[PDB]
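Take a look at the structure tokens below, where one protein chain is shown in two forms, each on its own, as structure 1 and structure 2.
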Structure 1
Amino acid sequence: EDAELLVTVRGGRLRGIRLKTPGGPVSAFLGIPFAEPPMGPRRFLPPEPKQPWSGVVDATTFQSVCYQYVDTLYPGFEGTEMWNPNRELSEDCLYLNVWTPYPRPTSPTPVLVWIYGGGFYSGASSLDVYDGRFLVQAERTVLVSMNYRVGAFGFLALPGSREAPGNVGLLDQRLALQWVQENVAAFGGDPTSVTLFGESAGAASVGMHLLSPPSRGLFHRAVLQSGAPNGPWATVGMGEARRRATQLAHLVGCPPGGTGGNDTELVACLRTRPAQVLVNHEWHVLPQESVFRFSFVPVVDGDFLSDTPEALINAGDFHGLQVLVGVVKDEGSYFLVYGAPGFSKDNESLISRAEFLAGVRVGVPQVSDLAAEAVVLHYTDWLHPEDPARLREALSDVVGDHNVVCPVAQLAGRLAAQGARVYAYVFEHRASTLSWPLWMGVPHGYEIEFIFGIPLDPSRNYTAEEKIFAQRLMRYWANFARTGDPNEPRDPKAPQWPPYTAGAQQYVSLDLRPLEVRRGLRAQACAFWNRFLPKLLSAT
């Protein structure tokens, strides 16, 4: 009972809180510090482990959200504000959360570790859609989720220097993984059965941990939902990361007018600026340059990532690894309202031929004019080259394929053909409570609410079929966490989920209907991006 809400870890004692679900209680420990607050001189530096504390740290509520830009595209809209910070902003944000079933597991139980997304510039583990009380109750697994520094505070990089080495937001996640190895046993979790699962930039983070040797030894399985480290938005070069960091310093008045600016004086000037000042000038470091162009992302410096994610994926052995990858049916429609001309969530977004030609330049940035043409000519239905509805879905595919679906399919094929066991899915169910317009279909990020069993919340107006569908998805994710195989270990009644291989390229469709096997994660489209486009950009 109340005795199970008291747990001692290597740093001290914690008091948790009991959460209610329609099927039983759950023990939650929200707000566990895993690192010293990275404030003052510790800004832009790798995280230091949290030193032990005296007394009982309160762990009954979520801690602060790391400083980040707040989306203001559609004020008062549920579809956008559900991803905005729901706690106060602070640099003191390195805290994690642990859910565990009641009664506490007596046997070592597999552990799921969630890494939120948000383009490496936003996100928090405290969002209502990441609530782990339903997944833990229904599947008796241990769920962990951490906060990591986003934006400039987590990924501003002056490569080579020691004051701003970059990738410190990735090190925050790694330190939280080392914390799980040393302390998850106190909650009834098996530190030898850890399964990372993330989404969007979280999925890219999960992939970058697979390609980093020090992080590979901290988990055993991986799940990448609608994201991958080899995406065109997920990394940046050393020279470009230096230009963006220097530009931000200029925007906030660094260095002072009559002064030199080596890497030491520049970061010293940045550390004196308030956090909100750095955030207010993040987006027009790249002006403008908003859609799929984030200013501060993981840098390829040679430390955390010894080479580019594409090179490490190709020249990598993945034997003894189980991966679960997947995307949603309409990956790009959510991002079109962020800068594509003629698009608006409040009308039908029936774009013209000229607006489609311009939209490709925003969804596929930094491409030659010849390469942009080849994209238009590949995605045009030449029997209906002027139909606005078809042009709308075409640009949605252009943006979804270039940024999400094809980097994932490229990764899933190389893993399965180099030792890894890979399962693939495509989420094709649109929630009955979805606030986005109908023409967006199944937007990016709207499978998370079903993985976490949010439809089981009695205060929400989901259908009965969606509740059963959410329970079936949670069993898929839990089975993969336990046995490395999403199929039920003994049930032959339900249709089977065949592994994804580089040849058959099999995946399943996740919706209210039973499982259906299909072949090809946009095989024809992704051949244009993964095979032809690097060839057209080679000979400029």
Structure 2
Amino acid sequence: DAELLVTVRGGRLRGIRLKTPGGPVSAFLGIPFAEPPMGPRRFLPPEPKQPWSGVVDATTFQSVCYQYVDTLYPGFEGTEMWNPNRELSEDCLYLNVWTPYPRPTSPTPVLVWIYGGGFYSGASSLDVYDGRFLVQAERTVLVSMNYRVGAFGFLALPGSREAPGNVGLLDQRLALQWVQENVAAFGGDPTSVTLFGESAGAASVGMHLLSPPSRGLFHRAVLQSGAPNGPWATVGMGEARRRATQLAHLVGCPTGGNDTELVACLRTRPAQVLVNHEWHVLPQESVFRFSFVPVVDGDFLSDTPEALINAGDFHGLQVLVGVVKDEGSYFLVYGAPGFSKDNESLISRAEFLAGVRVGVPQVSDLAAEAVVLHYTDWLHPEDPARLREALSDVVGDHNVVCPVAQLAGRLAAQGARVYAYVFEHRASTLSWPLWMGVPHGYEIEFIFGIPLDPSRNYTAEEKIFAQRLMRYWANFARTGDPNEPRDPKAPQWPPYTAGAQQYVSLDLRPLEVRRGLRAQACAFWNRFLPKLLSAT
């Protein structure tokens, strides 16, 4: 094979041909786009991989960045699927490129995937991120990169040169710059790069929108179940320092200044040491909160994500946003009182009232009473089934849905063309219980065409459903519109607007246009709630 040998600016790669039931795909896995961020480079921004000699073995995924492996439910596919499938290493800044086996003679749009793991986990090597089907079915170019998570990518001592923070986002930006310079060698169009990511990956995508230096690296953006303005995606410079300085004490860290000496001590500790003390850094007991996330230091983000969203012009931009039907149901079993995968999680009102403070941390008691007011059925205020689904909405609306709805309504009203969805599909018998519905991150495998894998046991209707979803994403990446242009008979997906608030439902049934993305609930979170903290 000669199509499996490509010469990028840094050197030569030896790719591998992947077998899809519809045809072959040329893959280049484990391409270094940065020098190994080890030793003095830990906590520092990445710098480009210098030109190498020989041919880089690009036939398998490289190492997973050091992260906390969740040991909640061992041997359970619903949680094991997100754990690292490669060895952990600080030498992890590698990217992957899928391209059609007949290398495209004409430049095709490029889809760049940014994985989400709450900014503390994740890897581009996970099986649900395999881009062989999305490429073979729609003849596009799929790129996915690893970026430093946890303290290795987002520990910030704001101001200091040795730990500026947001270096995990700079890993992504450097990978995007690598695409602009080298994706043409694989048949991709650098002027037609579409970002798409889920959860923290969607928040990352949203931050490249609000970061001027990154805006010139991509054309369109897709945010799946995540937004940069979420209550979990950023921290202030004060909290970032209080969290970094605490981690140094947990690991025993007393012309170097005190910040320079703090980082120098943190760089002596083995990577696994810093991981074991990560979750001990969070202020209080909480759910859907993470220790080291992007920081509003000023460099990467001129202001908070909310401030950049409001006072921003987004003309000439197409954005695709969406959420799953049951966002917060997963995060309840992890930390909420009385919740479990195995016992139906019927909760009392005392457990509900306690779960509100865990799901909505660092708010006044008056604010918590406002949350209890809206999410209580005061005719049946102690029904365990209603209380279980109410707290699932509390975490879902507060963390994902309403940040997404706030972003979409703002982008659509300030120049952008926005399309919105709600993934409502759930298998007949899923590994998770029924009360959790369509949980966080369940749309990824269908978007990536995983049902087309012959080794998996998906319904033949689910394979058709996946191919339709791949068409929507490819059509958006190609034209900025998920609809088929030469097909006025197909169910129309109208753009989301701040007034009509139209979105479609994604399931086995044809597209159904719905109105209002939790409009009544998100008016509380996005409008009334913030004015409560200021007044009280």
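Basically, rigid core = biggest C-alpha set you can superpose within 1.5 Å across the two forms. Only residues modelled in both forms are compared. For numbering, take structure 1's sequence and count from 1.
When the two forms are overlaid on the rigid core, CA displacement between structure 1 and structure 2 of 2 Å or more is confined, within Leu305, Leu89, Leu434, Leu350, to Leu434. Annotation: Cα of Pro287 displaced by at least 2 Å between structure 1 and structure 2, core superposition. Here the two forms are laid over each other by their core, and the C-alpha of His319 is off by 0.3 Å between structure 1 and structure 2. At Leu383, the distance the Cα travels between structure 1 and structure 2 is 2.0 Å after the core is superposed. When the two forms are fitted on their rigid core, the residues between structure 1 and structure 2 that move as runs of three or more, each C-alpha shifted by 2 Å or more, fall in 259-261, 287-290, 431-434.
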